[PDB]
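>>> Structure for this input, please:
(chains A, B and C, ligands or ions: 3)
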Amino acid sequence: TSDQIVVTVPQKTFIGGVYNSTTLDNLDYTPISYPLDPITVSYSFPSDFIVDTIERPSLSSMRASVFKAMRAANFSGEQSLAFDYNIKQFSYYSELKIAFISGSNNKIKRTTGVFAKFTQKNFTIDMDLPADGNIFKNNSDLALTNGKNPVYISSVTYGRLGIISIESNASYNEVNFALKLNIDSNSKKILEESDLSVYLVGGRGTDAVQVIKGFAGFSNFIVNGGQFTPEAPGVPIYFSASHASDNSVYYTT
Amino acid sequence: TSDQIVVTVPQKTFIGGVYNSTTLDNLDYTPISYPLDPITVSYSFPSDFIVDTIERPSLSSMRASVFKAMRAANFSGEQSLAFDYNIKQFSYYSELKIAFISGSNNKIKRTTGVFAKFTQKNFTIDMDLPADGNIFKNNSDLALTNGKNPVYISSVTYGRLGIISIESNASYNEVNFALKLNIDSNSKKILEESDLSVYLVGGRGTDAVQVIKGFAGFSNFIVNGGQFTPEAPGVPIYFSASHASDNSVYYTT
Amino acid sequence: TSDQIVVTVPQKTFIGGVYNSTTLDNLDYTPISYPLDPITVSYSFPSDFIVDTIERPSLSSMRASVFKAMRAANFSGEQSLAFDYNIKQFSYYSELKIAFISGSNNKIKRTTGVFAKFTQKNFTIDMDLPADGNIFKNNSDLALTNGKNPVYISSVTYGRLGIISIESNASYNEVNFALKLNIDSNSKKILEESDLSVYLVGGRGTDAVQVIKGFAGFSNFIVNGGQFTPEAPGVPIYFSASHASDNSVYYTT
Ligand SMILES: [Ca+2]
Ligand SMILES: [Ca+2]
Ligand SMILES: [Ca+2]
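Numbering: from 1, shown residues only, chains lettered A, B, ... in the order given. Ligands and ions are numbered 1, 2, ... in the order given. Below is the structure in question.
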């Protein structure tokens, strides 16, 4: 059970949207088309337009409200909300130098791997609890959707994601043999393999495209985007939903 | 099952278009010619014209709306949406130096290969869920197309694609023989093969045509187009569709 | 039993909110939708707007009040409230140099680990005890929620959190053998592993993203954010709640 759900359908992941719990669990996202009361939304970052109101919860309305809030006066993206980092570096080595009519066998093995995951939560837009205690305007739709598990998203997190994975393998198989008749034999085998997989969600495009240069771009893509600017608001990465019956926190498995 | 479908028919891949699920699965794209309510579209990038409305969903209307939105004020292509990178480098080696009336056999084998795939998602245009709960204007066309599996595209992703593949093979087959009668024999064979296949979708043309110079053009074509400009909006690369019955997310196999 | 509860649901963690004790204990946070009298809130930091009043306790109202209070005149973030630091450094070492037809065995083992936890409490917003002795406006809701364990949050702590953990392992397994017949044998094995996990809550984004450079960023992220500025108000990290029956301090297990 988790409180925050990773955004998988950006189109349907907007604040104030009502869905079925089962559909949200299996990534179907079947909406519940019923009227809803106007919702009050608040932003984690300090701004003049920190408390907005949306009559009809929709993706376009949420995007427009975020745009206006982050372009308003007294806006500061200087402080973020969360920053998780994790790196795992590993490096094996192997060397055999068997020697002995003559004979030699030199084997060298190398295996290097760096795996890095990073997430940053620039800010979140949160939804206020209804004054009437029910999100629905008619207040009878709650009884109408009995068995449909009405659950509405109440928080959307804007931030950046980044995953990198660099692997490398090296093999050396020198073999020498002499029978000084002057029979001679040599066998050299060098095998080199490399891999580098990157997955970035959001952030500055110029710094994002520089991660192709090994573990150097994925060292400035992070340090050049710590403060989120209104030109780079971030991407919805996580969201939280709550039950529509008792307004309790919805937990998914 | 996947949520995002790679664009194969750019003519028929426009937001607000209704097709049959089977036809979209087998790339037939048979349209459903029925009236539709005006659709609200939102853009992922920050701009003044971030929330547009289209009365008649069409490719020309979508293109014009994208053009106006990206030429509007307070537009920033500084932040992208996604960036996937993957590279695989491999290099074999083989060397035989058999020696022994005389005789020598020197065999050299080399095989190098670099495969790289990159995708960038500059932005997406998303469609709002209908207020009435049905995309059709008459609301009876939904029952009219029973058995036709009505599915409408609700999201179009603009970005760039790039695939490169460089292969190289080298062979050396020196053979010497002497019988010092002064019989002598020599056999030299050098075989070199090369291959380089590039496939780019979108991006700056000047940087795109420079990828012909090995793995150097496909190192600046990426780093010189991280920020998408209104002169280079990007190409529709992925799109998402939803069912017209329950407005649920459509998954294709 | 503890007096301060770590914030797990930022959406529901606002001052003046009434919840059930069991739901707050199991992180369900089921609200009690009943009218409440206007609440008086005070801020720990010195400011002109140090005593505010909120008619309807909500997250948006709390955020707006904090924004106005910290943007008011005579505001000083120079003095903080609490600062907890804890570091644990450990480093093992092992070295074997067994020697002996010949033979040698050199084994080297290293294991280093630094674990650091830091918390800073910039300020808190506290709630005054009701004049009537009951938070509810009607004064009968207290008897209405008998068995529901009415508990309301009365204090929210804004500050920063930081956890780092760096681990490293090194292994060396040199083995030599000679039988001077000139049989020779050598076996070298070097294994290096590294790990670095960081978790930051709040603080300056620019300093937060620099913690990726070992235990150097998590040495300036702390010293460059001691004084909290109105551009960096901090993040709600801890909160305290009290019973609604006798206005006593609520303790959770
Ligand atoms: Ca209502
Ligand atoms: Ca309709
Ligand atoms: Ca009272």
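
>>> Please tell me how far residue A:107 sits from ligand 2.
Taken as CB to the ion, to the nearest Å, the spacing of residue A:107 relative to ligand 2 amounts to 72 Å. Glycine gets a C-beta too; all of them are placed from N, C-alpha and C.

>>> ok, that residue - contacts?
Residue A:107 makes contact with A:94, A:95, A:96, A:172, A:173, A:174, according to CB atoms under 8 Å, 6 or more residues apart in numbering or on different chains.

>>> Mind checking which of those residues are in strands?
Under the assignment DSSP state E, these contribute A:94, A:95, A:96, A:172, A:173, A:174 to strands.

>>> of the residues you listed, closest to ligand 1?
Of all the ones in strands among the contacts of residue A:107, ligand 1 sits closest to residue A:94, with 68.7 Å by CB to the ion.

>>> What is the burial count for that closest one?
Residue A:94: 17 surrounding residues under other CB atoms under 10 Å in any protein chain shown.

>>> Tell me the spacing between it and residue A:110.
Separation of residue A:94 from residue A:110 (CB to CB, to the nearest Å): 8 Å.

>>> Likewise for residue A:212?
Residue A:212 is 23 Å from residue A:110, by CB to CB.

>>> circling back to that earlier point, among the contacts of residue A:107, which two are most distant?
Greatest spacing in these, by CB to CB: A:94 and A:174 (13.8 Å).

>>> where does the stretch 1-150 of chain A come near chain B, residue by residue?
A:8-12, A:17, A:23, A:27-31, A:33, A:56, A:58-61, A:63-64, A:67, A:70-71 (CB under 8 Å from any CB of the partner chain).

>>> Could you pick out the buried ones from those residues?
Among the residues of the stretch 1-150 of chain A next to chain B, those buried by neighbour count (16 or more other CB atoms under 10 Å in any protein chain shown) are A:9-12, A:17, A:23, A:28-31, A:58-61, A:63-64, A:67, A:70-71.

>>> Restricted to helices, list those residues.
A:23, A:59, A:60, A:61, A:63, A:64, A:67, A:70, A:71 (DSSP state H).

>>> Of these, which are in range of ligand 1?
Subset of those in contact with ligand 1: empty, counting by CB under 5 Å from the ion.

>>> What residues are bridge-paired with the residue nearest to the spatial centre of chain A?
Centroid check for chain A by CA atoms, centre = their mean gives residue A:161 as the closest residue, at 3.8 Å. Note on residue A:161: beta-bridge partners by DSSP bridges are residue A:119, residue A:201.

>>> check contacts around it.
With CB under 8 Å, 6+ apart, residue A:161 has these contacts: A:118, A:119, A:199, A:200, A:201, A:202, A:235, A:237.

>>> what do you get for residue A:157?
Contacts of residue A:157 by CB under 8 Å, 6+ apart are A:4, A:81, A:121, A:123, A:124, A:236, A:237, A:238, A:239, A:240.

>>> which SSE is it in?
Applying DSSP states H and E as the criterion places residue A:157 in strand A:150-179.

>>> Repeat that for residue A:218.
helix A:217-220.

>>> how many degrees apart are the next helix or strand after that helix and helix A:59-71 in direction?
Next helix or strand after helix A:217-220 toward the C-terminus (DSSP H and E): strand A:235-243. On the basis of axes from the mean of the first three to the mean of the last three CA atoms, to 10 degrees, strand A:235-243 is oriented at 120 degrees to helix A:59-71.

>>> could you list every residue that touches the residue in the stretch 151-253 of chain A that chain C sits nearest to?
As assessed by CB to the nearest CB, chain C sits closest to residue A:226 within the stretch 151-253 of chain A, at 3.6 Å. Residue A:226 makes contacts with A:80, A:120, C:204, C:205, C:206, C:207, C:208, C:209, C:210, as judged by CB under 8 Å, 6+ apart.

>>> before we move on, the earlier item: can you turn the buried part of the contacts of residue A:157 into a PyMOL selection?
Those of those that count as buried under 16+ other CB under 10 Å are selected in PyMOL with:
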select buried, chain A and resi 4+81+121+123+124+236+237+238+239+240
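
>>> Of the contacts of residue A:157, which is the nearest to residue A:153?
Distance to residue A:153, by CB to CB, is smallest for residue A:239 among the contacts of residue A:157, at 5.4 Å.

>>> For that closest one, list each beta-bridge partner.
So, taking DSSP bridges as the rule, residue A:239 has residue A:5, residue A:156 as bridge partners.

>>> same deal with residue A:178?
Beta-bridge partners, per DSSP bridges, of residue A:178: residue A:184.

>>> Counting neighbours, what do you get for it?
14.

>>> that older thread, just give me how far the helix holding residue A:218 sits from the chain centre.
16 Å (CA atoms, centre = their mean, to the nearest Å).

>>> cool, stretch A:85-94 as well?
Centroid separation between stretch A:85-94 and its chain, computed with CA atoms, centre = their mean, is 22 Å.

>>> neighbouring contacts of it?
With contact meaning CB under 8 Å, 6+ apart, stretch A:85-94 is reached by A:107-118, C:188-199, C:211-212.

>>> Now for residue A:221: which residues touch it?
Going by CB under 8 Å, 6+ apart, residue A:221 touches A:162, A:200, A:203, A:204, A:207, A:208, A:210, A:211.

>>> and residue A:70, what is it in contact with?
So residue A:70 contacts A:45, A:47, A:77, A:230, A:233, B:46 (CB under 8 Å, 6+ apart).

>>> Nearest to residue B:148, out of the residues you listed: which one, please.
Proximity of the contacts of residue A:70 to residue B:148 (CB to CB) peaks at residue B:46, which lies at 38.6 Å.

>>> Number of residues surrounding the closest one?
22.

>>> wait, residue A:244 sits on residue A:154?
No - with contact defined as CB atoms under 8 Å, residue A:244 does not reach residue A:154; the gap is 10.1 Å.

>>> circling back to that earlier point, now do the buried residues in the helix holding residue A:218.
A:217, A:218, A:219.

>>> Dump those to CSV, plus distance to ligand 2.
Formatted as CSV, these follow (distance: CB to the ion, whole Å):
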residue, distance to ligand 2
A:217, 48
A:218, 47
A:219, 51
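
>>> tell me which of these is nearest to residue B:251?
Proximity of those to residue B:251 was ranked by CB to CB; the top entry is residue A:218 with 31.8 Å.

>>> how much space between that closest one and residue A:211?
Look at residue A:218 and residue A:211: by CB to CB, they are 5 Å apart.

>>> overlap in contacts of these two?
Common neighbours of residue A:218 and residue A:211, counting by CB under 8 Å, 6+ apart, are A:162, A:164, A:198.

>>> wait, isn't the last one in contact with residue A:164?
It stands for residue A:198. Yes - using CB under 8 Å, residue A:198 is in contact with residue A:164, at 5.2 Å.
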